[PDB]
Undergrad: 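Provided herewith is a single structure, encoded as structure tokens, for subsequent inquiry.
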Amino acid sequence: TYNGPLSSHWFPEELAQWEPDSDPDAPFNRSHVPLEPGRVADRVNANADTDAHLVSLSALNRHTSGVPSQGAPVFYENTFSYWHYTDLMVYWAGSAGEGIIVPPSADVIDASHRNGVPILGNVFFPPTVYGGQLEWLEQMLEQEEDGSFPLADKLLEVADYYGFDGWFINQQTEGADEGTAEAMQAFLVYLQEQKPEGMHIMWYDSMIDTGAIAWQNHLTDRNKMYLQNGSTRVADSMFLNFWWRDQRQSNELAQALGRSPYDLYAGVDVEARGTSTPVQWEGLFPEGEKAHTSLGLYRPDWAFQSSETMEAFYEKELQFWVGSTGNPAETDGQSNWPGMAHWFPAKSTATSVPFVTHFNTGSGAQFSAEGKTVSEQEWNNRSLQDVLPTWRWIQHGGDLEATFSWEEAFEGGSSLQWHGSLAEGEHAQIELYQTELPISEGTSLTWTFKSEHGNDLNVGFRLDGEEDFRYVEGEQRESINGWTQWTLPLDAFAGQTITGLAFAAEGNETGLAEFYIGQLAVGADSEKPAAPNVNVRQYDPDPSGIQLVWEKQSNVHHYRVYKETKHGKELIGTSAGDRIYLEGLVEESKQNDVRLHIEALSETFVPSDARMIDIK
């Protein structure tokens with residue numbers, strides 16, 4: 001029975017009255033990681049091109065209700081890692097039983113934003129069979145004498161306060177009349193007029209001009225007024241329903257309306273079968289012509305729901321997003337499932353120095369700091385997911401496999417494992433990231449790893465204007481709790497820009513190699529953050545609990561909360577916000593004294609002195 005703060009969900013009547021200041025959970029649901037602009041694209045796949053976009057409609061949380069605001073002590077959680085092939089994320093949620101207006105949770109907003117992916121909340125008018133009520137639709141479409149739409153106003157207020165990038169509007173309730181159809185168009189137009197620049201409103205191909213639910217599976221005369229009405233912009237995009245074999249007609253109508261065909265996202269329903277979903281790909285990506293429209297994936301979270309282990313889940317996501325060759329540079333156009341990498345370049349937000357990754361997948365079986373366990377408990381906190389490799393996977397040489405590991409970690413719960421056979425004297429390379437990182441005096445490459453058979457691990461970097469990677473030995477070594485950290489100063493390359501990062505190794509007499517790679521960074525020396533200014537506050541809904549609230553600090557990636565025990569300290573929470581809820585400490589403080597230590601970790605993972613807090 002969890003009594004901590006939960007991610008929000010509303011019915012219209014609740015939303016109408018919503019105010020951040022009177023919702024004790026609202027501060028916990030705000031994302032503090034802004035949408036990263038300026039992603040850069042790769043070019044490894046000769047079939048992929050730059051016209052079409054990709055939206056994912058993903059149940060990043062399996063349920064709408066009961067989602068803790070900032071993570072939970074559960075390893076098996078949906079730690080989606082293919083942000084690099086998405087242009088837009090729709091948070092899939094909403095139900096007649098729980099609530100029909102659902103913002104994305106803060107943890108997944110942060111992950112999406114770290115990767116430069118805009119993420120939308122959901123407005124779901126359900127089919128009558130699943131409890132849908134026309135009443136809810138009519139409520140949302142109420143218009144003042146203004147004639148503003150107060151519920152639209154609230155949608156914009158929610159997006160602004162929580163920090164996400166718009167809304168996906170899905171009208172599946174039957175019985176709507178033409179008046180209701182017109183009111184919906186007005187509501188959408190009002191959003192266009194009032195929303196901030198950059199905000200995206202996506203409409204589902206369902207309710208037509210008459211109000212009837214009649215999915216078109218294309219942009220047609222019956223639904224085009226929900227996208228563009230003459231000179232009036234109605235929506236930023238349309239998600240097309242699944243029953244199509246060709247999208248040429250949508251492309252043509254889009255052009256006729258003066259809209260990009262790539263604002264239409266042709267739906268594919270992958271929920272049940274994932275990569276075994278039959279799709280007539282040529283109807284979307286014609287031979288020798290531009291893609292007809294963009295692509296919309298409905299429920300690629302199939303990889304998570306149809307699996308029971310983190311390993312099987314990650315393997316399925318690779319099969320889905322990269323395809324059965326397991327190499328995004330080399331895809332099979334004859335396959336029933338060529339993979340998303342066959343059509344879409346991978347994008348990267350490794351475009352600012354310092355670029356830092358610890359290959360944190362956003363959950364773990366245990367939590368480590370500097371290679372030592374600080375919590376034995378399962379955890380997920382997708383605000384801690386790092387920017388993960390652009391390429392899953394590209395190697396040259398040797399007989400090695402690359403996978404994430406949840407058995408070895410330097411910071412967090414995971415590392416990159418690179419392992420298999422490597423003959424004496426042979427070399428192997430693994431290319432991981434597309435980047436755009438300017439090198440200055442004082443910039444260095446650092447990387448931290450374990451090597452079970454004793455092979456050193458060299459770093460690779462590619463420079464703008466060169467096609468080949470430069471593989472180079474580490475210069476300055478430090479051993480940290482069994483891990484080796486190399487530093488390679490890059491001053492000789494000042495004025496240059498790194499466009500790729502990689503690793504390389506040479507085989508030794510054992511003929512085997514087994515690396516765990518726990519950290520990689522391009523960046524300079526930076527001061528420790530100040531100890532956070534922390535206050536203990538009540539969390540009204542739970543007398544037995546507390547919240548810690550600190551002042552915002554610049555350049556702090558996240559906060560760690562440690563508790564003193566007889567056993568030594570224990571990590572009891574992480575936060576990438578301005579606070580964290582902690583259960584049980586009120587109770588515990590009656591039996592014994594509770595001392596907490598809160599650290600701020602900088603963007604280069606330099607910890608502050610801890611703030612020590614007493615609870616008596």
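All values below come from the heavy atoms of this structure, side chains included, with hydrogens, waters and symmetry mates left out. Residues take their numbers from the sequence shown, with the count starting at 1.
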Undergrad: Heavy atoms, side chains only, cut-off 4.5 Å: are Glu588 and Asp593 in contact?
TA: no

Undergrad: Could you check whether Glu138 and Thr180, counting side-chain N and O atoms only, form a donor-acceptor pair closer than 3.5 Å?
TA: no

Undergrad: Using side-chain heavy atoms (C-beta onward) and a distance below 4.5 Å, is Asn29 in contact with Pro5?
TA: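 They are not in side-chain contact.
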
Undergrad: Mind checking whether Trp136 and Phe125 have ring centres under 6.0 Å apart?
TA: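 Not under 6.0 Å, so no.
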
Undergrad: When rounded to the nearest 0.5 angstrom, what distance separates CD in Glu583 from OG1 in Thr1?
TA: 9.5 Å

Undergrad: May I ask you to test the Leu582-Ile572 pair for a side-chain heavy-atom distance under 4.5 Å?
TA: yes

Undergrad: Answer whether the closest heavy-atom distance between the side chains of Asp153 and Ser148 falls below 4.5 Å.
TA: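 They are in contact (side-chain heavy atoms under 4.5 Å apart), so the answer is yes.
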
Undergrad: Yes or no on salt bridge (charged side-chain N to carboxylate O under 4.0 Å, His left out) for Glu411 and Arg560, after CA distance, side-chain angles and deciding distance?
TA: CA-CA 12 Å; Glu411 293 292 340; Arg560 289 176 185 178; 2.8 Å; yes

Undergrad: For residues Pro529 and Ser608, report the shortest heavy-atom separation together with the two atoms involved.
TA: O-CB, 3.0 Å

Undergrad: Counting C-beta onward and ignoring hydrogens, is there a side-chain heavy-atom pair between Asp87 and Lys347 closer than 4.5 Å?
TA: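 Side chain of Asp87 against side chain of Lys347, heavy atoms only: contact under 4.5 Å found.
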
Undergrad: Any chance the side chains of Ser69 and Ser7 put a donor and an acceptor closer than 3.5 Å?
TA: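 There is no such pair (donor and acceptor under 3.5 Å, judged by atom type) between the side chains of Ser69 and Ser7.
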
Undergrad: Check whether any side-chain heavy atom of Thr86 sits under 4.5 Å from a side-chain heavy atom of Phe80, and report yes or no.
TA: yes

Undergrad: Can you confirm whether the side chains of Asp301 and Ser58 place a donor and an acceptor under 3.5 Å from each other?
TA: no

Undergrad: For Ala346 and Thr390, which heavy atoms make the closest approach, and how far apart are they?
TA: CB-CG2, 3.5 Å

Undergrad: Carefully, step by step, assess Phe149 and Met140 under the rule side chain to side chain contact (heavy atoms under 4.5 Å, CB included).
TA: CA-CA 8 Å; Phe149 291 81; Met140 292 297 291; over 6 Å; no

Undergrad: Would you say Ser306 and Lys316 are linked by a side-chain donor-acceptor pair, where the criterion is simply a distance under 3.5 Å?
TA: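 Indeed, the side chains of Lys316 and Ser306 share at least one donor-acceptor pair under 3.5 Å.
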
Undergrad: Could you tell me the separation between the CG atom of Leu191 and the CZ atom of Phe187, rounded to the nearest 0.5 Å?
TA: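 Here the rounded value is 5.0 Å.
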
Undergrad: Given 3.5 Å as the limit, does a donor-acceptor pair link the side chain of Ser95 with the main chain of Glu98, or not?
TA: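 Indeed, once roles are kept as given, a pair shorter than 3.5 Å links the two residues.
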
Undergrad: Are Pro127 and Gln172 side-chain neighbours, meaning at least one heavy-atom pair lies under 4.5 Å?
TA: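 In short, these two side chains touch, coming nearer than 4.5 Å.
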
Undergrad: For the backbone of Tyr433 and the side chain of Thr435, can you confirm whether one donor and one acceptor N or O come within less than 3.5 Å of each other?
TA: no

Undergrad: Only one of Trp167, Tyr161, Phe168 forms a ring-ring contact (aromatic ring centres under 6.0 Å, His included) with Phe164, so which one is it?
TA: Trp167

Undergrad: Could you verify whether a donor N or O on one side chain and an acceptor N or O on the other, from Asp107 and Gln385, lie under 3.5 Å apart?
TA: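 Note: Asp107 and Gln385 side chains miss the donor-acceptor criterion.
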
Undergrad: Spell out, as yes or no, whether a donor-acceptor pair under 3.5 Å connects the side chain of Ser375 to the backbone of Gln377.
TA: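 Yes; judged by distance alone, with no hydrogens or angles, the pair exists.
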
Undergrad: Taking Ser348 for the side chain and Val40 for the main chain, is one N or O donor matched with an acceptor at less than 3.5 Å?
TA: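 Such a contact is absent between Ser348 side chain and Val40 backbone.
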
Undergrad: Do any N or O atoms from the side chain of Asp25 and from the backbone of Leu6 form a donor-acceptor pair under 3.5 angstrom?
TA: yes

Undergrad: What's the shortest heavy-atom distance between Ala152 and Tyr190, and which atoms?
TA: CB-CD2, 3.6 Å

Undergrad: Please report whether the ring centroid of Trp18 lies less than 6.0 Å from that of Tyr162.
TA: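 Ring-ring flag for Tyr162/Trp18: true, centres closer than 6.0 Å.
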
Undergrad: Going through the distances and angles, do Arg114 and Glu36 end up as a salt bridge (charged side-chain N to carboxylate O under 4.0 Å, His left out)?
TA: CA-CA 6 Å; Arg114 285 198 199 282; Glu36 185 65 12; over 6 Å; no

Undergrad: Tell me whether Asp110 is salt-bridged to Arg382, with the criterion being a basic N under 4.0 Å from an acidic carboxylate O.
TA: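 Result for this pair is no, no salt bridge flagged.
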
Undergrad: Please round to the nearest 0.5 Å and tell me the distance separating atom CG of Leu141 and atom CG of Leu134.
TA: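 Going from CG on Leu141 over to CG on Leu134, the span is 10.5 Å.
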
Undergrad: Hey, does the side chain of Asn78 reach the backbone of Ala59 with a donor-acceptor pair shorter than 3.5 angstrom?
TA: yes

Undergrad: Does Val102 form a side chain to side chain contact (heavy atoms under 4.5 Å, CB included) with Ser8? I'd like the steps, not just the answer.
TA: CA-CA 7 Å; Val102 196; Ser8 301; over 6 Å; no

Undergrad: Do side-chain atoms of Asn555 reach the backbone of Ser602 as a donor and acceptor pair under 3.5 angstrom?
TA: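 No.
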
Undergrad: Would you kindly check if the NZ (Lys) or CZ (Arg) of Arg579 is within the cone defined by 45 degrees around the ring axis of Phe28 and under 6.0 Å from the six-membered ring centre?
TA: yes

Undergrad: Kindly state whether the ring of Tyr265 and the ring of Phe239 have centres lying under 6.0 angstrom apart.
TA: no

Undergrad: Using 30° and 60° as the class limits, which term best fits the ring planes of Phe313 and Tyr76: parallel, tilted or perpendicular?
TA: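 Perpendicular.
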
Undergrad: Judged by atom type as modelled, is there a donor-acceptor pair below 3.5 Å linking the side chain of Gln553 to the main-chain atoms of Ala530?
TA: yes

Undergrad: Counting heavy atoms not belonging to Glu157, are there more than 12 under 6.0 Å from its CD?
TA: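 Counting neighbours around CD of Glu157, more than 12 heavy atoms of other residues, nucleotides or ligands fall under 6.0 Å, so yes.
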
Undergrad: Could you check whether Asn61 and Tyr91, counting side-chain N and O atoms only, form a donor-acceptor pair closer than 3.5 Å?
TA: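 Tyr91 vs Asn61: donor-acceptor pair found between side chains.
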
Undergrad: State, with a plain yes or no, whether a side-chain heavy atom of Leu120 is found less than 4.5 Å away from one of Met89.
TA: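 Not in contact.
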
Undergrad: Is a donor from one side chain sitting under 3.5 angstrom from an acceptor on the other, for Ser56 and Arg299?
TA: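 Result is no, nothing qualifies.
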
Undergrad: May I ask you to decide if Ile109's main-chain N or O and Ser112's side chain share a donor-acceptor pair within less than 3.5 Å?
TA: no

Undergrad: What is the ring orientation for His358 with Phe410, classed by angle as parallel under 30°, tilted 30 to 60°, or perpendicular over 60°?
TA: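 Plane angle under 30°, so parallel.
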
Undergrad: How close do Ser363 and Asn380 get, counting heavy atoms only, and between which atoms?
TA: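 Of all heavy-atom pairs spanning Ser363 and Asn380, the closest is CB-CB, 3.6 Å.
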
Undergrad: With rounding to the nearest 0.5 Å, note down the distance linking CH2 in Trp483 to CD in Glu478.
TA: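 Result: 14.5 Å between the selected atoms.
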
Undergrad: Hey, would you say the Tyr314 and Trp406 ring centroids sit under 6.0 Å apart?
TA: yes

Undergrad: Kindly compute the distance separating CH2 (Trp92) from CD (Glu271), expressed to the nearest 0.5 Å.
TA: 9.0 Å

Undergrad: Evaluate side chain to side chain contact (heavy atoms under 4.5 Å, CB included) for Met202 paired with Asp236, printing each intermediate quantity in order.
TA: CA-CA 6 Å; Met202 173 171 275; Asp236 295 292; over 6 Å; no

Undergrad: Is the ring centre of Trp550 less than 6.0 Å from the ring centre of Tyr559?
TA: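 Between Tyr559 and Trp550, which both carry aromatic rings, the centre distance is below 6.0 Å.
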
Undergrad: So how far is it from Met310 CE to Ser307 OG, rounded to the nearest 0.5 Å?
TA: 10.0 Å

Undergrad: Taking all non-hydrogen atoms of both residues into account, name the closest pair between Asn481 and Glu370 and its distance.
TA: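 Scanning both residues, the minimum pair turns out to be OD1-O, 2.8 Å.
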
Undergrad: Under a 4.0 Å threshold between the charged nitrogen and the carboxylate oxygen, would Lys154 count as salt-bridged to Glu19?
TA: yes

Undergrad: I'd like to know whether OH of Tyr130 has more than 12 heavy-atom contacts from other residues, nucleotides or ligands below 6.0 angstrom.
TA: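 No, because the 6.0 Å sphere around OH of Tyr130 holds 12 heavy atoms or fewer from other groups.
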
Undergrad: For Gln538, does the CD atom sit with more than 12 other heavy atoms under 6.0 Å from it, leaving out its own atoms?
TA: no

Undergrad: Show your working on side chain to side chain contact (heavy atoms under 4.5 Å, CB included) between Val117 and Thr349 and close with a plain yes or no.
TA: CA-CA 10 Å; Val117 178; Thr349 47; over 6 Å; no

Undergrad: Between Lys450 (side chain) and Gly518 (backbone), is there a donor-acceptor pair under 3.5 Å?
TA: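 A pair under 3.5 Å: no.
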
Undergrad: Quick check, are the ring centers of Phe605 and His558 under 6.0 angstrom apart?
TA: yes

